[PDB]
Structures are given as C-alpha cells and as structure tokens.
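Summary of the model geometry
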Protein chains: 2
Amino acid sequence: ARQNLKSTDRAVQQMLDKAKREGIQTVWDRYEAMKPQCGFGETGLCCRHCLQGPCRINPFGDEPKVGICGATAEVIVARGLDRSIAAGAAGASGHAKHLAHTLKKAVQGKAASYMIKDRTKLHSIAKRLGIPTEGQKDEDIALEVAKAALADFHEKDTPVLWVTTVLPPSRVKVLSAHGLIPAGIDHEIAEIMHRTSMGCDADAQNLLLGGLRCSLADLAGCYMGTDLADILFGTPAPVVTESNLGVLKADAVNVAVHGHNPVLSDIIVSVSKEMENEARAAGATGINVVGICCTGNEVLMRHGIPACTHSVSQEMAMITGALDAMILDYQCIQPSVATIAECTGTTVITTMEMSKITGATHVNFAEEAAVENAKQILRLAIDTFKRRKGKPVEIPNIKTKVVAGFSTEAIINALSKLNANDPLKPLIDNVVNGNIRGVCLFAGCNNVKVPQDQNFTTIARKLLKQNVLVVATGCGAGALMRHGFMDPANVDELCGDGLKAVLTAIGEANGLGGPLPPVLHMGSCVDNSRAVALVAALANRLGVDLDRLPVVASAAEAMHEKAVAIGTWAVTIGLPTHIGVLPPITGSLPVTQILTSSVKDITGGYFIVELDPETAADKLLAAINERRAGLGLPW
Amino acid sequence: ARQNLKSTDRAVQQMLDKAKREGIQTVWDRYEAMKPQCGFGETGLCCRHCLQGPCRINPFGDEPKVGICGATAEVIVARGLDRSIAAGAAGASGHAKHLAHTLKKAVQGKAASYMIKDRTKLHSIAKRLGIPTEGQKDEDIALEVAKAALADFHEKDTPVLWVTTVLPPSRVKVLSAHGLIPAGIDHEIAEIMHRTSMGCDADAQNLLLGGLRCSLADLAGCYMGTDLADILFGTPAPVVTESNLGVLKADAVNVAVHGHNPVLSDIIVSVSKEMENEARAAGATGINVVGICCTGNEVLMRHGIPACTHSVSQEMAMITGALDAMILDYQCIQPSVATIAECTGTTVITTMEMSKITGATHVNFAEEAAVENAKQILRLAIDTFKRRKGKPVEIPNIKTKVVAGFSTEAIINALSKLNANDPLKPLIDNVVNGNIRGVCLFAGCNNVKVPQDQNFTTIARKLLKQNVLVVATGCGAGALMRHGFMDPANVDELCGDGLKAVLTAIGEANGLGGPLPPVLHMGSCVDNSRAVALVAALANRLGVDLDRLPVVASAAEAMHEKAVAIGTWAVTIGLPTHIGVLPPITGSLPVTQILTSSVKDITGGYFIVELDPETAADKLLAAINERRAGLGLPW
Ligand code: SF4
Ligand code: SF4
Ligand code: FES
Ligand code: FES
Ligand SMILES: [Fe+2]
Ligand SMILES: [Fe+2]
C-alpha cells in the first residue's frame, strides 16, 4: 500500500504499515470500505427531517425532483447546512458553559484545584463587558463575568455580548441591520432546529440568514471559551516544544490528553509532575503527557506539552504500542479508539457525562475532586505501563520543533518591541509597503478524503512565498507544526523576502537572535476567537470594517460540524473563506450562489469552495490582492 | 386511480380525483415519485454528522459495517434518533416561548389585543409554581408566571419546573434517580446537538438516556404552551362544531388558519367577526374561518371553529377552488401549498419571521399590531374572494358533527356532576368494575406511507368495542373527528356496553339527554400535556405512579419530529406507547431492544412498534390488561 496516498506525515505512514501487518483496521480502511459514498448525501440532496422520508432529489435527470412535503432542493440543502451550523455551535456552547461553571465554582470556594491565574485578563474582560472593577474583589468580578457568560446562552435585555462587544461597532451595525446578531447562544441553536423541522422555514435566503446568525452564536461560544480558559489557566505566551509521534518515549508512562475542553487535562499536566516519583517506582522515567487534537493544543499553548498527533491520524499514536493511556473529554475522538485499545494495550478513559464510548473505562470527573480524579486516572496509566514491561514498541523517531503560544496578547507584545505605544502599526506599515501581502488563518480539521495535511501544506507554501502572514489553529496548526512550519529554522526556505524581513525584525527585537516561526500558532479551535480579536483590533486601528482588510481564512481539510460553523462565521464577520472539502451544498445552485457570491452584499465575506489546493492558493491570493486594491495599495 | 389506497376520507378522495384531472401534483404523487425509498435512511443506518460522510451501514451482509470514524450501528441509530427528539423539543420551545413573550407584553401594556382571559388558570399555575398570589395584582402574577416560563429554558438553581411540578413526586424521584430531569429546555436541545456531533457520545445507552431527558424538555414546552394559551385565550370547555371539507362555503370568504401557534389566529377569529359587513360589501355572506392542523385544533377547542382538514391532506382544501386564504404560522405546513396556490387562486400568507415559504406573501405579524395585521390579512382574503366571482368551485358536501373542548378541567367538571367533591372517583370506579377497561391517547400526525386515517380508525374501533376510554389530540383527533368518532350519535355503533353506559351516565348528568362522544378531543399537540395532567391526577388520587395505570398512547400514523419527541416522553413518564410507522431504529437491534424492552426497567414505559393496526390494537389491549392485572383488577 502506498501510504503517502493516505497521509503526507511520514510517522503516520510508518504506523499505517504497522497497522496493516498487525491486521488493525484504521480510519482509512473504513473509508475505503465506504466507497462509493452516497451522492445524494454528498451533494446535500437528502432529507430525513420527518418519518415520511428519507427523501432524496436527483442532482440531474428525472424524478425524484422534490421532497414528499414539497421541499425543494434549495430548502433541503439549506436546512441540512443550518443543522450542521447549530451542531457546531452546540459544541462551543457546551465547552464554554463548562468553563463558566468551573470559574464560578472556583471563586465560590467549591473547587480549589482551580483559580484566577490571569487577573489582568479577568479585569480586561470585565471592562469590555461593562462590569465594574474599581473597588471590587477579584472573586466578585469573576462571579460577575461567569454570570454574564451564562446569561449569553438565553434571551435577555441585551443581545449576546460575546458578539457585540468583540467586533467593531461598524460591523455590529451591518449585522444588526440584517437581523444577524444572536439573541442567545442556545436560543439560536433551538431556533435553527425548529425552523428546519418539517413544515417550517422553506425559503433558502431566510434559512441561510438564520444560519449566519447561528454561526455568530458559535463565535460567541468560541470567544467565551478562550476568555474563560485564559482566566483559569493563563493567557498563552511564546513556547518551544516538539510535535509528531517521536515525542512518545518508550521508557516513560505515555499519557495522551485528547478532546477539546482542557478543564481536567490542564490539571492532568500539573498532577503528572507531582507523580513523577510514583511513576519512577513503577520503573518509568516519569509521566510523559502528550497532546492530541484541541485539548492537546490547549496544553501545548500554555505549558509546551508536545503534540503527538491530530485529527484523522489519532489512532496511530496507539499503534506504536507505547501509549499507556488516552484521557478523553469530548469532540473529535474517533470511537474506534475504544476497540483498538484492546489490540494495543492502551487504557482509554472517558471523563465527561455526555461523552462515553462503549468499552472504554469511565472516570467521573468533577472539578470539586479534580486532583483526586487525575491521580486515579494516572494510576491506571502507570498500571498499564507496567503491563508492557518487556514488550517492544515502535515509535517512529520523527518529530519537529514547534514554537507556539501566539495568543493575540503575545502577538501585540512582540510587535510592541518595535513600537511600544502603537504596537499594531509595524504590522500595518509592512502590509502597506508590501512586505506582508495579507493574513491567512488556517483552521479546522483533517478529513480522510484528503491525503492528510496535503492541502494545508500546499496552500501555506504558496502563500508564504507570496509574503502572506500565516496564522493557524486547531488541526490546521497541527498539520503545519508536524511539517516544520512552526520551526524558525525553516524561515529561509519557506518565506518570501518581505515576510522573512518582518519575521526577522520582530524576532530580533524580542531578543531571539532569530526570526519568529513561518506560521504563528494561535491555539485551539475556540481560539479562532483570538484571530478575530487580532483582526478586529487591526480594523479598529485602521478605522475600517473587516471586509476591507486583506485577511482570509482557509478550512482546507474541514471535517467536523464545528468547522462548518467556524467557516460560516468567518464569512459573516466579513472574510473570504476557503473550504477545501465539498460541503453538502452542490446539489443546489441557488444555495451555492448565495454562499459564494450574493452573501458578499450582506456581510462582505464569502465562501471559496475549491478542492484543488494549488488553485485554492491562487484564489486566496486573488482575494487578498482584491482587498489590497480596495485600500489603494500596490499588490 | 384507487383513491381509497391514498386516503380513507371520502372528501379527500373526491379532491384527489379533481387534482388528477387538473394535473395538480399532490403529496401522494410526490411519494410515489420517491419510491423505492433509501433503505439505509429507513433503518437509521446513515450518518451525515461530519464532512467525511455520508456514512452508511448495510443492515445485513458485507461492508460497510461501521462508520468512517468508528461509529457503530448502535451509535449512528441513537444519534439520529436523539437529534429528532431535540428537533421536536425545539418546536415546543419556540411555540411556548412565543406565548410567554405575548403574555409578558400583554400585561406590560405593550399589546392590548391580548389579555388575561382565564384568571383562575393564572392563579392555579402560579400556585403550582410556588408564586405568591395573595395580595398581588393579576398583572404582576402574570409577569411572574411569564418570567418563570422563560427561566425554564436555561439552567438555574431549580430544574425545569414545567416537568417537576406537573408529574407526581414519585415519578419525579424515579426520573431524577436516572438523571433524566431536564436542566433547561434549550439547554437540553443544545446538549443533544453537541453529544451527537462527531467524536462525542458513542454509547447507545448513554445517548438514549440523553434522548429521554430531552423528550421531557419537549413535555415541558408542551405543558407551558397549553398553560399560557389557556391564560391568554381561555381554557376549553365543551363545544359543538363540524369537520371536513364540506365546512367550506362557496358564498363566503373561506380563510384557513394553519400551523400551530394560534397567537395571531385567535385574533383572526375575533377580527373576522368585526369584518362581516366589509366582507358582505364584497359580495360574500361573511368570513368563514376554518382550521387546518394544530392551529385549527386550538380555535376549534376554544371557539368551535370548524376543522377543514389535517396533516397529509392539507393541499386538498385548496383544490376545492374555494379557499381564499391560508394563513400560516409554523410547523406541519407542506411548502407545496405556495406553488399550488398559483393553480387554485388561494392567497397563502406567512406571518412568522422564522417560517417563510418562497412564493408566499409575508405579512409581519407583531402582537403589538395584531388587529392591524389581521385586517391587512383578511382584506387580502376578501380581494381573493372577489377574483373568483363566477368561477365554479367543487366543495365535497361531506362533513361530520364534532363535539370537542375536553380540556382536563372540562373532563373533571363533567365527572363532578356524578361526584362533586371527588370527581375522579366515578372514572376510577368504572375502571375498577370493568366498564372502562383503560385509557388510550391517540396523538400525532398522518403519514403518506399509511392510507390516511386507516390506523387511527382501525385501532380506535377495536379499543372502543373493548370499553377503552379514548382521548385524542392533534391530527389523531383530526382523523377521528372526520370519521364520526366525535359525534355522540355514533356511541351505540362504536362503543362497548360498559363504555356506553359510562359515557351516557356522564352525559345525562351534564344535562345532555345523551352521552358524551365516543372519543374525547383534548386539543392540539402541545395539549398532549392535558392528557398528562389527567393521568397524573389519576395517579395522585390512586397513590400510584403512572407506570401502574391502565393508560397507553398511540402515535398511529406519526410523521413529524414532534411526534417522535411526544412518543419518547410518553415512554419516559411511564406509558406503553405504540408507534404505527417505522422510526429509523430497525437497523440496530440493541437500540430497538432498549426502546421496546429494557427501558421498562428505567421508566416503566416502552415503545410498541407495530405497523399492522389490527395487531397494534391487540398489543395495546394486552398492555392495558397487563396493567389491570398488576392492580389486581379483572380484565
Ligand atoms: S421534511 Fe419533507 S423532504 Fe424531509 S423527509 Fe419529511 S417529507 Fe421528506
Ligand atoms: S460522524 Fe462518523 S459515521 Fe458520521 S459522517 Fe462523520 S465519519 Fe461518518
Ligand atoms: S439517500 Fe444517501 S444520504 Fe440519504
Ligand atoms: S444513504 Fe440514503 S439516507 Fe443516507
Ligand atoms: Fe479542533
Ligand atoms: Fe400537531
């Protein structure tokens, strides 16, 4: 088998060969067994929203042409897309809500493993929300912030403040004029599910406007999640670590944290240190915590925990034979891990009540008992390490160097070394003079349909040569880090001369004797909100709205409903937004035309659907350069 | 074409012949064009929850056997079912929330077309919720009730009170022990959408427990909707009217109200009276308001507005040529009505922001302007009547007599004429002595897969002969009313001797010189909550939980996600619950076993999946008789 057709990651290729000779079925094998996939679902021309279905519509030819109730292709496609947006927003809702409850418990004395670690961020958030801080105790300010977070989930006398206070007034005004500001996060999710049920909304434009509004509920959940996690766990600052499977160590207890909400896995990191001597008593060198997916990104950004792998290739960490435990919260966890565990000697542990996997051990995490829970979990991992005494393992000796931790605060701080009282100005100066052509945010997942990482790296390489400042989150950051795009030693090879000059100037003013890395890692999927903060700050500093800035986004290998929601809010806030896999819209030309063209007249953003990555890079560069021209800049 | 294979309603058959010769496509034609339907969707073995899909699993044979991410058939089936429950609950959320806002506006002086019409119900609801009434103005009590309603949508220091205050403490205790009490209505909807997204919950039992809890969020929305509509519009009492297409009048302006939330259509009824002389100036005899679907049931129950048709046959009202306007809110409206309108000369009008139909005129209803909006709408209808001057119409001269209005308060009042201070006792006496074998609630829709009404009438006939007290809501009530089951003149033919004796005794004590009708119409789909109130009151009076009572439910021709949610909460509160169409569960035996068998050990209720109505009636009778035996009663 030509494993490079499955993944461009050489460590993944090595583990695919091991899985093949050991007869362990992988995600790629399950994909092959699924082909050919249903074309009605692929194009969006299937509806199961009532028990008269399934209804399907032929993309072309003869009947069926319309759903049983009369729903047109337009309506079916838009309703399906809307439910995907609501599902994505629901995951942001759950993640942010859990942190809000954790912060409230911490300051009420109910969860002493948690605390206010970033008091400055707490006060800034409170100020942004309009909560008084002068003369108030930090615990009372934090209680008010947590109450405000919980209030944004339902209707009240204000709209969702984690939208209206984080975008510039001119953008809020555009959105309000179109009725797009969410009334409440869970309120919008429920309204989507209602309006898309049988015999309700049946006008494509009306449906899609509802979807844009629900996507902003996802944005609010993202921003709230980042805000609360920074209060609780610290705002990221620049870190150096490593990525890929070679970060596993045969002689250590290897523990992966996997999922998205790091609420317990930030605790796992701290407790794992305490238990070093206990792990050594078991014959290990220590506990080696490694990251998978967003939870991995969270602890990478804040603590420099090395990232083992991401998204589509997550099973491969287990195939090494050296993964003693995989500690799960929720989201993006292939449930195959529970069955593979029996073959590989990994202990798979679930921790959240609403995310269990048949066959995996469940340990009831509670903030109130977080240290206790962590010790129970890590002792299972130590037990598992002991059971593999004397078993060879196959860890690919493949890893990259990763500089990360570029929160928006960290980026502004780095720029302030060039201009202390106007830190965005050096960035803008270099956009104006062409040393920085524009900004591209890579976001979202890998997808088994695309050879792993191929779109991210192909597009990033062409943008970097054209002097684009590239920022990344989620498993887009994962793809780029595992291929060396976060190692400053690769700036000469990857970057155009103008971009190299800027990364070098900033790095040398931050005492590095060397440049910033080719790509700036801005964190997890909720931390796409950090990219919003940066872009909104640039818009404010320039006095223009986001749809005039040379800033684009690319969900180059999108998979999860979360990625559909993110792409939709990127469009809603004003960005040209590439998606590199086909969303289920091509069965309706009118819906496609709205999402790729006429939405420009509503929000200024628009989708760019392009599966060929070289072509996508050209289209993204054209979008950037069109924005440059609109600002009167050379390009 | 043998139209009796499509509908057992003879008026519908006549209009199907008219549609055929005029070349107007109907729901039945669109169904035929859809056959054969996809077996993966039919069985539940399809997933589109991420962009790696669609994934499908062969019910039997070879690969594919598992989803791409590892999701098993169990997981796929349970996730799909859970999303359907959440969608149903979301419609109850929207409906109830709109009424809560209407009540709040009314008592704040912001919507003078609305008012407190049932002060006694207001005070009783307040007492049930724990809101003080002594010394308080009605407007302040109502503000507190509306605030409490809105609070049940989100988490707070109490669970959802429209669950915990409406079921007996022993039932609440059972549900709480299993973690099934909702934390908030929209909170549960969002948690379902999260947990069912890719890489989250992947254990069938855990998923289905979440679904049971979300179904109780639907129950809360139903009960809240009924409570608030009774405050605003009056609690139903016994009414006499008519049903079927013969209620249309060629010489009148015929206006159908269609959808579910009657917030404007209760106003349409009152304003239509005011405009009699204006309609007469246009050459009509008056404005003839008629009902379709739940909104029709609402105005039938409160005002005796005749019901034109229901559910699957709704297009046939238009085919007569005499329907001048169809006034829509949301839910259960086939969007085909907008295109048929061009053929039939009907003006189709949408009124709610989140439910538009391409090609239909939209009129922006606002409580604040309700009378103004109603006049605008009715003037469009008058204009349309004038355009059909001199056009023949074909109204089938087919109608039945309907006695309805059996709210739980009305039933208790009727029984109190036999026992003033213990009004449930005469009902219980007759259950004990066998004159009443048990109670069956018919609920939910028609479904194009089932010859219209055939399951409702076949099952009802066999239960009535076996002395079952039959109550009905929604388009189950619609089916039964259109076939004479709400006409007391049919008691001799339909009812067993014991049931006849009871209906006669109650009727003769209420001054009727004649029995109650064979079936008691308890209202719209949210008014399934009234059946809960009756059953909970019987449980309380007997000192037993609902899972010991000889009470069953039947969604005999279910269609909408709403009907899936209702069936699931019927099971959750303890009832044997028949469903007469196949829900998408048969692709997983473990899920089927949970829903039809092992849930008995959790809630005491269970699904009975049976597509053959004679067999379903036997299974429902066996369920009733098993409950009788458990109470020590003869059967
Ligand atoms: S909502 Fe309409 S299109 Fe969808 S399954 Fe039901 S009948 Fe078919
Ligand atoms: S969630 Fe799993 S089963 Fe569903 S479409 Fe995605 S890969 Fe397939
Ligand atoms: S027909 Fe294949 S996704 Fe429904
Ligand atoms: S394969 Fe037909 S419903 Fe998906
Ligand atoms: Fe992610
Ligand atoms: Fe209904």
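Residues numbered from 1 in each chain as written, not as in the entry; some residues may be left out. Chains lettered and ligands numbered in written order. Heavy atoms only, no water.

What follows deals with the overall build of chain A. The secondary structure content of chain A amounts to 27 helices and 16 strands. In summary, chain A has a C-alpha radius of gyration of 24 Å against a globular reference of 26 Å for 635 residues, a match within 12%. The dimensions of chain A, computed from C-alpha atoms along their principal axes, are 65 × 65 × 50 Å. Residues classed as buried in chain A amount to 68% of the 635 residues present. Contacts spanning at least 24 positions in sequence make up 76% of the contacts within chain A whose residues lie at least 6 apart. Of the side chains in chain A, 60 bear a positive and 64 a negative charge, and the two mean positions are spaced by 2 Å. (Helix = DSSP H or I, 4+ residues; strand = E, 2+ residues; numbered from the N terminus. Rg over C-alpha atoms; globule rule 2.2 N^0.38 Å. Buried < 20%, exposed > 50% of the residue type's maximum accessible area, 1.4 Å probe, protein only. Contact = heavy atoms within 4.5 Å. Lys, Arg positive; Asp, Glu negative; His and termini not counted. Charge placed at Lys NZ, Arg CZ, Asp CG, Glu CD.)

Further remarks concern the side chain of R213(B). When you line up the elements, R213(B) lands in helix α10 (residues 204-233). Residue class for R213(B) comes out buried when judged on its relative accessible area of 14%.

A few words now on the pattern of salt bridges. Under the defined criterion, the tally for this structure stands at 78 salt bridges over all chains. Between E188(B) and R213(B) there is a salt bridge whose closest N-O contact spans 2.8 Å. Of the two residues, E188(B) is situated in helix α9 (residues 185-195) and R213(B) in helix α10; the sequence distance between them amounts to 25 residues. Look at the salt bridges and you will find they share partners, linking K121(A), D230(A), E298(A), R302(A), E409(A), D527(A) and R530(A) into a network. (Salt bridge = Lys/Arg side-chain N within 4 Å of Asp/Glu carboxyl O.)

All right, on to the relation of the copies chain B and chain A then. Aligned on chain A, chain B shows an RMSD of 0.0 Å; the corresponding rotation is 180° and the shift along the axis is 0.0 Å. Viewed as a symmetry operation, the transformation between the two copies matches a two-fold axis. No C-alpha of chain B approaches the rotation axis more nearly than that of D186(B), which lies at 2.9 Å. When you check the interface residues of chain B against chain A, 100% turn up at the interface there too, and the contact is symmetric in its surfaces. (Least-squares fit on C-alpha atoms.)

Within the protein, the iron ion (ligand 5) binds to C294(A) (SG) and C525(A) (SG); these donor distances fall in the range 2.2 to 2.4 Å. Taken as a pair, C294(A) in helix α13 (residues 293-303) and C525(A) in the loop between β13 (519-523) and α23 (528-542) lie far apart in primary sequence, 231 residues in all. (Donors = N, O, S within 2.8 Å, 3.2 Å for Na, K, Ca; no water.)

Right, let's get into the interface of chain B and chain A. Residue-level contacts link 86 residues of chain B with 86 residues of chain A. The junction of chain B with chain A conceals about 6,800 Å² of combined surface from both sides, 58% of it contributed by carbon and sulfur atoms. Linking chain B with chain A are two salt bridges, by the criterion used here. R83(A) is the partner of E561(B) in a salt bridge, and the nearest nitrogen-oxygen pair spans 2.8 Å. At the boundary of chain B and chain A, one finds 56 residue pairs in polar contact. Sorting the residues of the side of chain B that touches chain A by element identifies α2 (27-34), α3 (39-43), β2 (55-56), α4 (73-107), α9, α10 and α24 (561-572) of chain B as the ones contributing at least two each. Taken together, the residues of the side of chain B that touches chain A sort by class into 42 nonpolar, 27 polar and 17 charged. (Buried area = accessible area lost by both parts, 1.4 Å probe. Polar contact = N/O pair within 3.5 Å; in protein donor to acceptor, adjacent residues only side chain to side chain. Nonpolar A, V, L, I, M, F, W, Y, C, P; charged D, E, K, R; others polar.)

Here we come to the sheet that holds strand β15 (residues 576-579) of chain B. Residue and element names in this part refer to chain B. On the basis of which strands lie adjacent, the open sheet formed by six strands has the order β13-β12-β11-β14-β15-β16 and parallel pairing. Strands at the two margins of the open sheet, each flanked by one partner only, are β13 (519-523) and β16 (606-609). Here the average twist between neighbouring strands, direction ignored, is 25°. Pairing of strand β11 (residues 439-442) with strand β14 (residues 551-555) involves four bridges; the strand directions are parallel. Considered in β14, the bridge of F442 is made with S554. Across the sheet, helix α19 (residues 454-465) lies against β11, β12 (469-473), β13, β14 and β15, angled at about 170° from β11, the strand it touches most. Running over the sheet, helix α20 (residues 474-482) touches β11, β12 and β13 and is turned about 115° from β12. (Pairing = 2+ DSSP bridges. Axes fitted to C-alpha atoms, helices over the stretch in contact; angles between N-to-C directions.)

Here the focus is the site of ligand 2. The immediate surroundings of ligand 2 are formed by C47(B), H49(B), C50(B), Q52(B), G53(B), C55(B), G67(B), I68(B), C69(B), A71(B), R79(B) and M198(B). Of the residues belonging to the shell around ligand 2, the class tally is seven nonpolar, four polar and one charged. (Near = heavy atom within 4 Å.)

Quick look at the site of ligand 1 now. Looking at ligand 1, the residues that line it are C47(A), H49(A), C50(A), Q52(A), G53(A), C55(A), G67(A), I68(A), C69(A), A71(A), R79(A) and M198(A). Along the lines of polarity and charge, the residues of the shell around ligand 1 split into seven nonpolar, four polar and one charged.

Residue and element names in this part refer to chain A. Parsing chain A into structural domains produces domain 1 (62-236), domain 2 (237-405) and domain 3 (408-635). With both sides pooled, the region where domain 2 packs onto domain 3 buries about 1,900 Å², and carbon together with sulfur makes up 65% of that total. At the boundary of domain 2 and domain 3, one finds zero salt bridges. Where domain 2 packs against domain 3, one counts nine residue pairs in polar contact. Among the secondary structure elements, those contributing two or more residues to the side of domain 2 that touches domain 3 are α13, β6 (307-309) and β10 (400-404). In terms of residue count, the dominant contributor to the side of domain 2 that touches domain 3 is α13 (seven residues). Tallied by class, the residues present in the side of domain 2 that touches domain 3 amount to twelve nonpolar, nine polar and three charged. (Domains from an automatic or database assignment.)

Okay, the pairing of strand β5 (residues 287-292) of chain B next. Residues and elements named next belong to chain B. Burial of β5 is extensive: six of the six residues sit out of reach of the surface. What you see with β5 is no split at all: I287, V289 and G291 on one side and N288, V290 and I292 on the other are buried throughout. Summarising the sheet, strand β4 (residues 253-258) and β5 pair through six bridges and their orientation is parallel. Its bridge partner lying in β5, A256 is registered against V290. Alignment of β5 against strand β6 (residues 307-309), held across two bridges, turns out to be parallel. What sits directly across from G291, in β6, is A307. Once you follow β5 into helix α13 (residues 293-303) and on to β6, the crossover reads as right-handed. (Right-handed = clockwise from strand over helix to strand, strands pointing away.)

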